[PDB]
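So that we are looking at the same thing, I have put the structure below in structure tokens.
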Amino acid sequence: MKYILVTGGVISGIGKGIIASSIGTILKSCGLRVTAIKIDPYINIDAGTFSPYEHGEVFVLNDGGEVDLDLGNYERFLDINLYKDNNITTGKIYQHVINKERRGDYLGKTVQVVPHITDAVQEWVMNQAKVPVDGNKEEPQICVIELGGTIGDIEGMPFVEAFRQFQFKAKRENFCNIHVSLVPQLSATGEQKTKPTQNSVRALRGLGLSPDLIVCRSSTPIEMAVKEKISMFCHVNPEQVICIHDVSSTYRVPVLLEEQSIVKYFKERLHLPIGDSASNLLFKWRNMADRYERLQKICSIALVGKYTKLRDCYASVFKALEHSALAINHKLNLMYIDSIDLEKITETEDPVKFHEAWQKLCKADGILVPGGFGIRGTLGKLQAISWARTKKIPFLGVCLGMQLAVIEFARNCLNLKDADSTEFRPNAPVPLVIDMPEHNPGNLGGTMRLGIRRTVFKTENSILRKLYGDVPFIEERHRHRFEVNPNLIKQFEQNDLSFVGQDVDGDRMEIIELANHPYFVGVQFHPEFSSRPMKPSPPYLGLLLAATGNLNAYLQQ
Amino acid sequence: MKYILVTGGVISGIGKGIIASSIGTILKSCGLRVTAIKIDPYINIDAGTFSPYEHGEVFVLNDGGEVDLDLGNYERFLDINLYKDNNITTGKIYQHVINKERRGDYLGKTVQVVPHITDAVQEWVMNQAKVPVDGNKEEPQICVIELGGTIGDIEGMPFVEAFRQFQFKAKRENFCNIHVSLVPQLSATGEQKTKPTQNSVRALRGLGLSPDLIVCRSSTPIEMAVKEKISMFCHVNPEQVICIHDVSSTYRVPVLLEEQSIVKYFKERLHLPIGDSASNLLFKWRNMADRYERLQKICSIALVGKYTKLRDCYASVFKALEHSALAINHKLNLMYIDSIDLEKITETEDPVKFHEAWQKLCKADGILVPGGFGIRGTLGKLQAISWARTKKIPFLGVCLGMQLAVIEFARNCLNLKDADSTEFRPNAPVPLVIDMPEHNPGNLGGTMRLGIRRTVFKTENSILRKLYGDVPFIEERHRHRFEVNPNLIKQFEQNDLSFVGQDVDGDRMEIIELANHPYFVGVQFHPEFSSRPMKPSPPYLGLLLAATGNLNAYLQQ
Amino acid sequence: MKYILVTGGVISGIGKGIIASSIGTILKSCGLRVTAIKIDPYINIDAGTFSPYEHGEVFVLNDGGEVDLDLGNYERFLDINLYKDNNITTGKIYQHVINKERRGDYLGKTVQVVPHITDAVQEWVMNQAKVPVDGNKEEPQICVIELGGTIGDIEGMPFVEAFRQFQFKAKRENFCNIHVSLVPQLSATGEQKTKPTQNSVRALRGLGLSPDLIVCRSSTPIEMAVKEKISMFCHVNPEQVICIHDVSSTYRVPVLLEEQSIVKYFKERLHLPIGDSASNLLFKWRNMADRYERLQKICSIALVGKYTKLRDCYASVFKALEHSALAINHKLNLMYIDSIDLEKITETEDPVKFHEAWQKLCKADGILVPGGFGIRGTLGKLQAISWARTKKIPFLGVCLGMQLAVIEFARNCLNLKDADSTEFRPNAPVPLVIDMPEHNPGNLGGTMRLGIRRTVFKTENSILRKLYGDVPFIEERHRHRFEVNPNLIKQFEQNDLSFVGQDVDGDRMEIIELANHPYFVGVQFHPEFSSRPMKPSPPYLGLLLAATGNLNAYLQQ
Ligand SMILES: Nc1ccn([C@@H]2O[C@H](COP(=O)(O)OP(=O)(O)OP(=O)(O)O)[C@@H](O)[C@H]2O)c(=O)n1
Ligand SMILES: Nc1ccn([C@@H]2O[C@H](COP(=O)(O)OP(=O)(O)OP(=O)(O)O)[C@@H](O)[C@H]2O)c(=O)n1
Ligand SMILES: Nc1ccn([C@@H]2O[C@H](COP(=O)(O)OP(=O)(O)OP(=O)(O)O)[C@@H](O)[C@H]2O)c(=O)n1
Ligand SMILES: Nc1ccn([C@@H]2O[C@H](COP(=O)(O)OP(=O)(O)OP(=O)(O)O)[C@@H](O)[C@H]2O)c(=O)n1
Ligand SMILES: Nc1ccn([C@@H]2O[C@H](COP(=O)(O)OP(=O)(O)OP(=O)(O)O)[C@@H](O)[C@H]2O)c(=O)n1
Ligand SMILES: Nc1ccn([C@@H]2O[C@H](COP(=O)(O)OP(=O)(O)OP(=O)(O)O)[C@@H](O)[C@H]2O)c(=O)n1
Ligand SMILES: [Mg+2]
Ligand SMILES: [Mg+2]
Ligand SMILES: [Mg+2]
Ligand SMILES: [Mg+2]
Ligand SMILES: [Mg+2]
Ligand SMILES: [Mg+2]
């Protein structure tokens with residue numbers, strides 16, 4: 001199997017992840033079955049512990065893995081569905097070697113970082129690179145491996161030593177190394193400095209790997225004097241020194257790498273089945289990036305979120321809105337609202353932030369209430385959902401935003417105002433949203449509804465069924481314990497909020513639609529994880545169609 | 001003696017030289033006698049070989065050393081006059097140890113980089129730190145040493161090993177280490193990255209030195225989260241992590257370091273005689289930097305130069321004009337003209353550049369023709385000198401610009417039009433400028449007029465004598481072989497170009513003034529090397545006084 | 001051209017020089033024209049400054065270079081005659097780049113360690129590798145380069161960086177890298193430790209070279225568990241991990257390397273013209289090493305030397321006696337006498353050392369008085385020469401030992417007892433040995449008789465003429481200012497000391513033989529520099545023939 005290791009030299013933030021994704025998109029576009037692995041040298045075994053303000057969003061895989069948001073980037077840029085073990089961590093690798101030691105699988109030998117942790121990294125890479133990750137059943141051809149942190153980090157030492165050994169298990173004509181490095185320039189001279197690239201490549205050779213491409217991250221395109229000096233210290237030819245300068249879009253990074261001629265180099269170096277050709281599918285990526293720079297018409301939506309600021313807490317929710325806005329030829333404007341700042345309570349302590357949040361909500365062409373857990377921000381979310389319903393604004397509720405949209409319709413439209421959740425107010429007089437965990441043979445106690453599940457349409461009279469292509473059912477990704485109470489469903493059948501999607505066991509109601517409204521829907525699944533740049537996730541496409549006013553024209557095709 | 005070594009971590013362009021100068025200015029302002037050394041790890045033994053487009057200007061010392069332009073920065077920021085051996089080079093140190101080996105001073109032992117090159121660096125530092133460099137006869141108190149290149153460079157290895165040994169010859173309470181490092185930030189996240197500082201400080205500890213301050217070069221002020229993380233890896237307290245972010249002026253860098261509290265730290269660390277005090281002379285520097293940001297009135301001068309572009313070819317010529325413009329409360333505008341682009345010949349091949357050069361010359365409030373050597377640009381210089389004379393524009397000619405201003409007055413005002421130089425057209429029919437080298441006992445052949453020489457005024461009727469404070473003579477720095485022909489001086493005495501300055505031997509005429517003009521003067525010395533920020537060099541002060549029109553009012557005080 | 005760089009990893013004393021010599025002997029034995037270069041990273045430009053107690057002997061080349069004794073090892077192990085520039089030094093390379101800077105050959109650019117010192121090392125290697133060094137006129141095929149010091153030394157940094165660049169100027173199929181490393185073992189466990197090899201190979205990869213063989217220096221042969229672990233960290237195959245454990249003879253090291261199969265590897269790696277073959281000339285080396293272990297009969301000689309102990313002061317004098325003793329099938333016993341300990345004066349201060357020196361001299365089968373300079377030890381040398389003459393012992397006097405053997409025959413056999421030298425007692429009443437330097441056009445003043453000179457036989461009645469193959473003249477290497485006085489030659493013609501060799505100018509007498517003695521000869525040249533393991537230098541062969549008593553039987557063949 002062919003392997004591309006992507007490493008970082010100078011500083012951790014240089015974009016190793018967009019390079020590795022774009023390399024993957026390129027090789028996918030050449031007609032190769034591409035898999036991808038990420039090494040996160042952190043001790044967390046999975047993402048499920050993360051508070052989304054720190055580190056970012058938790059991404060959910062088809063298999064029910066809770067994984068880093070960076071593996072969602074590989075799922076967007078390559079048409080693939082990763083398994084949880086395409087994320088390798090220091091926590092996973094050390095936990096696996098510890099468990100083998102406790103069982104005595106190491107035959108009473110001393111278990112050591114070299115060879116035994118380093119052998120575990122190589123066994124795990126060869127095993128997961130062989131797992132099919134496209135729709136096709138046949139095994140992959142290239143694995144793109146991204147290694148987190150920078151060369152010379154303590155946390156990365158067991159993985160660079162694993163790849164030092166691995167480039168001899170996989171032959172020369174199979175293993176390949178991309179080093180991503182910072183080429184800084186200062187504002188006074190305006191000279192691009194090769195020195196951190198030199199010192200990080202010296203360190204990478206000491207650690208025992210040698211670059212096959214160098215990719216320079218720089219604030220403007222590198223000159224030939226930089227390409228030749230990097231070539232003089234780093235043992236690469238000047239055509240094997242690339243730059244990815246900072247640009248308009250991540251959709252442009254694959255297109256810059258094809259201009260910098262990386263396909264020719266991988267055909268030579270990895271002996272790839274590509275052939276010489278005048279075309280590959282990157283013309284569809286080139287169109288999408290040239291569309292993205294031409295987006296002039298604004299479409300502006302309010303995201304009523306559980307957190308004080310966006311770093312990455314809604315990173316794929318944002319990307320699903322962008323795919324949908326690109327597909328609808330509008331520039332997305334994401335008006336983020338820290339949900340607590342809508343609460344009537346806060347005007348007694350910070351009225352400037354309270355009026356600011358409501359002005360931003362009143363601008364909206366559509367409202368998105370995304371998923372989450374806990375009491376925090378729920379009251380502010382409820383005020384925005386009820387604004388969306390009363391002021392006739394297009395609406396998508398995801399997971400928690402759907403549970404709150406069942407709750408507020410019972411409170412405000414059935415006058416069942418003692419109705420509440422069970423995660424918040426667990427003693428509720430009429431518990432309309434309830435704890436209802438998944439339970440199976442071979443598992444201890446109740447567990448989350450987590451990963452891909454079939455959700456079946458109840459009726460042909462659904463806007464989501466139309467947006468999903470008039471199909472009988474959908475498979476979509478879930479991450480929750482809680483559900484609408486199945487016994488309290490009767491109180492809805494007289495009135496405007498319908499349920500339109502249901503679990504295959506019948507036990508759970510999973511999609512709602514409010515009648516007599518432009519578009520108002522809630523889903524229990526997270527449709528953003530299934531979203532792709534070339535083809536938006538239908539609930540977000542419907543929300544942005546409805547936001548500009550195109551939905552009633554889209555349903556005619 | 002107290003010693004401050006200043007080193008660079010990540011990349012060479014971070015401003016080690018303005019840090020080391022400003023540390024020096026600070027300690028000078030506290031009342032200490034400060035000397036300064038620079039290590040240039042290049043193999044050039046002196047600057048005299050440099051073509052000024054590459055590397056920059058050649059600076060001339062009082063002793064006749066041809067030295068790097070960076071030692072001119074230490075002469076400007078500290079009121080000192082360096083000797084040639086305050087510049088240490090790899091060429092100097094290796095040449096000195098080779099010469100001792102040839103003589104057998106090393107007693108037939110193998111001469112080795114360690115100890116013998118490293119002992120030569122320490123002998124040279126202790127010897128030159130003891131040389132008085134102020135007007136005062138008493139020995140210095142602090143030496144500021146700047147080391148060129150970055151940590152981990154091959155060229156810097158013999159000097160970091162010398163300072164590793166040296167910090168035990170000079171005790172702990174005498175030796176101190178400033179590490180200047182890049183803290184980059186990327187445009188997307190806007191996060192200041194400590195990682196290159198970490199890796200360069202690890203390398204500096206391996207090489208055997210440990211920082212006592214860290215100075216961060218960054219595009220904006222470093223946050224406390226950066227100060228604390230650098231402190232966590234680098235073994236400095238968070239108050240010992242400074243930044244010098246990019247700013248309006250080099251005159252502000254000393255003032256930023258006093259705000260960042262370095263004086264308190266050097267009093268503690270080096271046990272300095274400063275005492276605790278509410279004041280030190282940096283209030284005069286603080287005034288000058290707050291003046292420099294308030295310069296609104298433009299004063300615009302044409303510099304008719306021998307080179308295709310300014311990197312640093314006229315670096316102290318520019319600084320002498322800036323000191324003069326600050327002292328006259330005007331913003332200098334330096335209209336640089338590549339002199340060849342004034343030649344009537346070039347319009348036959350690039351007329352766009354020809355008209356562009358003459359438009360820039362026609363804007364001028366004053367003209368400066370600086371020194372140089374060779375045929376190149378002389379014809380274009382002559383056209384600008386004759387423009388300056390005919391169109392009544394204020395004028396300073398330095399070295400070559402003075403020789404050309406004697407030549408063109410013979411050509412165009414005495415009608416001696418066969419008159420020419422000897423460096424250019426060495427066969428001249430009437431050689432008005434001639435080769436006339438200095439000759440002495442204990443020297444082989446003729447040699448340059450090089451370093452400080454007494455030039456004596458011929459008359460009280462001189463504008464330069466008035467600008468020099470009505471003094472009988474001046475001492476100023478020279479760098480030339482050539483002179484006006486002493487036998488052809490008779491042809492001038494009837495007409496408007498006077499000679500007003502002469503050598504003490506009488507053999508050489510060294511200052512000219514043209515009558516019936518606002519200000520038109522030429523000097524054989526380079527007055528810019530003697531110029532200081534607090535007190536401009538009189539010929540440049542006169543040129544910028546005359547440029548705005550203030551000279552006739554300045555002569556009244 | 002093919003190039004073999006030999007480098008040292010862990011400690012400097014591991015035998016890089018015997019590895020590089022033996023690689024050279026191997027490739028010479030395969031039929032290749034082999035040249036050799038040594039890098040000495042010391043600042044001495046030549047060996048002429050060395051006091052032979054420190055560093056060792058000064059070796060003299062055919063061209064008159066005074067060079068390191070290590071280049072004499074390459075002259076012994078390969079049948080070659082090196083030029084002075086096959087020794088590269090830090091002194092030579094820095095002196096050459098400094099001289100080019102002073103002349104302006106670098107076009108007014110800043111001259112830097114990278115590229116300009118590193119380019120000087122590569123220019124010098126390509127230039128000297130092309131110089132023919134065998135008797136054949138055709139250019140070499142392989143250059144063996146030995147680099148002194150160890151990886152990570154400051155002194156070696158400009159040369160490892162030169163070879164890092166050089167392995168891309170010379171292609172992969174031309175440049176090759178041997179890393180010699182210590183594999184220690186401790187007395188308690190008896191385990192061979194690969195760790196210093198690992199860490200020095202990591203450092204060598206950082207510096208930018210990667211091993212192609214590893215040669216382990218170890219106290220016993222390395223096991224396969226060591227070969228496989230070194231292969232696992234160092235990126236060599238286990239057949240490319242050699243050892244040279246400590247052994248009986250340097251003549252065995254080539255023979256151990258052919259057992260460890262290096263010829264096969266160089267044919268593969270350097271595409272060498274060798275062909276596959278069942279034989280190469282190393283069977284003659286294998287014979288000589290199996291002879292050397294069978295030497296049982298002692299032949300014991302007194303060397304009356306100018307120094308307090310042998311480190312290497314007589315290193316090639318010793319090797320010329322060993323070649324001669326091997327050729328005569330005797331084990332040499334070298335009774336070294338610190339010459340001062342024979343002086344009658346020393347019995348007044350250390351009589352134990354005085355009687356010890358005379359007991360060792362009285363054991364002698366032959367006496368060797370080697371060359372030198374100065375007053376020191378001359379009186380003790382004279383007492384041993386006069387012992388050799390009076391007690392009928394075989395005798396060789398080299399350079400100073402020849403001058404003293406003319407002096408003592410005038411003093412004790414002509415009764416000219418006021419006769420003395422001019423280097424010692426320069427005021428002599430009858431100066432029998434005189435300062436007589438070589439003088440030529442294109443040189444300033446008088447200079448040493450230095451390098452190869454033709455010495456012509458005066459008579460057929462010479463034992464040295466017989467030992468030299470009855471040839472009319474010899475070419476041999478000289479290193480002195482002093483000579484026998486040509487005017488005082490008349491005093492000898494009546495008596496037993498003949499002169500038998502003379503310069504081609506006639507001006508100098510260069511060989512003496514004493515009649516009525518088994519063998520007593522002196523030469524002005526140093527015959528040991530011309531000596532080779534397969535064919536001894538005739539004056540030393542004659543001395544060891546005469547010592548056992550074989551000379552009168554050798555003259556019969
Ligand atoms: N395949 C990818 C990769 C990155 N991004 C975007 O780029 C950002 C992260 O950039 P990345 O390439 O991961 O580099 P950094 O995270 O900045 O740093 P690192 O080198 O550690 O990845 C994310 O906000 C994400 O929106 C993306 O959309 N698709
Ligand atoms: N291993 C190396 C590489 C270069 N240098 C030195 O680096 C200096 C140039 O400094 P700088 O411009 O900082 O290095 P560059 O190689 O030009 O890299 P950059 O592109 O970052 O400037 C030269 O004098 C050269 O002797 C060194 O000492 N050791
Ligand atoms: N005492 C000083 C130091 C610097 N400068 C200005 O700053 C520039 C050079 O900055 P410096 O501090 O020398 O840093 P760099 O030269 O950029 O890089 P290095 O760290 O190698 O010095 C020069 O153009 C000079 O005009 C100055 O005016 N006075
Ligand atoms: N010697 C060190 C120091 C830090 N880390 C790792 O560095 C990672 C953080 O990466 P990055 O942000 O790139 O490093 P910072 O220390 O935050 O430095 P910067 O300010 O440049 O981000 C952590 O996971 C930590 O395990 C490491 O492996 N080895
Ligand atoms: N071609 C050679 C090489 C070495 N020797 C012998 O080996 C000793 C020196 O060993 P060498 O191989 O030069 O290694 P060292 O000098 O011990 O250390 P280095 O690795 O620095 O050479 C000398 O005394 C010399 O007699 C020899 O006879 N012939
Ligand atoms: N880059 C490396 C290589 C090895 N080890 C560790 O080295 C230990 C073995 O120690 P030691 O025997 O000293 O190393 P060896 O590799 O066996 O080398 P040697 O032949 O010198 O023993 C193992 O636990 C392994 O984790 C390490 O931490 N880092
Ligand atoms: Mg990432
Ligand atoms: Mg540079
Ligand atoms: Mg500088
Ligand atoms: Mg960080
Ligand atoms: Mg040696
Ligand atoms: Mg071990």
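Both ligands and their constituent atoms are indexed starting at 1 by order of listing. These values consider heavy atoms only, across backbone and side chains, with no hydrogens, waters or symmetry-generated copies. In what follows, every chain begins at residue 1, and chains take the letters A, B, ... in the order their sequences are listed.
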**Report entry** Side chain, backbone, both or neither: A/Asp312 near ligand 1, heavy atoms under 4.0 Å
**Finding:**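 Only the side chain of A/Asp312 comes within reach of ligand 1.
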Report task. Report yes or no: does a heavy atom of A/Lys319 sit under 4.0 Å from some atom of ligand 1? Result -> yes
Query raised in the report: With sequence neighbours excluded, what pairs up with B/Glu54 under the salt bridge (charged side-chain N to carboxylate O under 4.0 Å, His left out) test?
Result: C/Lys109
**Report entry** Protein contact to atom 4 (C) of ligand 1 [nearest heavy atom, distance to 0.1 Å]
**Finding:** A/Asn73 ND2, 3.5 Å
Query raised in the report: Does an N or O anywhere in A/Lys16 fall below 3.5 Å from an N or O of ligand 1?
Result: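 There is such a contact, yes.
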Query - Listed once per pair and sorted, the salt bridge (charged side-chain N to carboxylate O under 4.0 Å, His left out) pairs that draw on residues 6-21 of chain A, sequence neighbours left out - result: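 Checked against salt bridge (charged side-chain N to carboxylate O under 4.0 Å, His left out) - neighbours excluded - no pair reaches residues 6-21 of chain A.
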Query raised in the report: How does A/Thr250 reach ligand 1, by side chain, by backbone, by both or by neither, if only non-hydrogen atoms under 4.0 Å count?
Result: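 The part of A/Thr250 near ligand 1 is the side chain, not the backbone.
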**Report entry** Close-contact set for ligand 1 against A/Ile18 heavy atoms, below 4.0 Å
**Finding:** 1 (N), 2 (C), 3 (C), 4 (C), 11 (P), 12 (O)
Query raised in the report: Would A/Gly148 count as a contact of ligand 1 if the rule is a heavy atom under 4.0 Å away?
Result: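 Heavy atoms of A/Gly148 never come under 4.0 Å of ligand 1.
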Query raised in the report: Does A/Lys319 make a cation-pi contact with A/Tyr251, if we ask for NZ or CZ under 6.0 Å from the ring centre and within 45° of the axis?
Result: yes
Query raised in the report: Where the side chain of B/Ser218 meets the backbone of B/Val183, is there a donor-acceptor pair that is under 3.5 Å apart?
Result: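 Side chain of B/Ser218 to backbone of B/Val183, a donor-acceptor pair under 3.5 Å: no, none is there.
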**Report entry** Nearest heavy-atom neighbours spanning A/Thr150 and A/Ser12
**Finding:** CG2-N, 3.6 Å
Query raised in the report: What closest approach, in Å, do A/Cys313 and A/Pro52 show between heavy atoms, and which atom pair accounts for it?
Result: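 The answer is SG-O, 3.3 Å.
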Query raised in the report: Any idea which atoms of ligand 1 are less than 4.0 Å away from a heavy-atom of A/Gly15?
Result: 11 (P), 12 (O), 14 (O), 18 (O), 20 (O)
Query - atom 16 (O) of ligand 1 protein-contacted (non-hydrogen atom, under 4.0 angstrom) - result: no
Query raised in the report: Do any N or O atoms from the side chain of A/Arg252 and from the backbone of A/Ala289 form a donor-acceptor pair under 3.5 angstrom?
Result: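 It does hold such a pair.
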Requested in this report: Run the numbers for me: atoms of ligand 1, each under 4.0 Å from some heavy atom of A/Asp70, listed by number.
Outcome: 13 (O)
Query raised in the report: Hey, do the aromatic rings of A/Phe59 and A/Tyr74 have their centres closer than 6.0 Å?
Result: no
Query - Shortest heavy-atom approach to atom 19 (P) of ligand 1 - which of A/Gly72, A/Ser12, A/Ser21 - result: A/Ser12
Query - From NE2 (B/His179) to CD1 (B/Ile151), nearest 0.5 Å - result: 5.5 Å
Requested in this report: Among all protein heavy atoms, pick out the one at the shortest distance from atom 22 (O) of ligand 1; state its residue, atom name and that distance to 0.1 Å.
Outcome: A/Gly17 N, 3.5 Å
Query raised in the report: Within the structure, does at least one protein heavy atom fall under 4.0 Å of atom 8 (C) of ligand 1?
Result: no
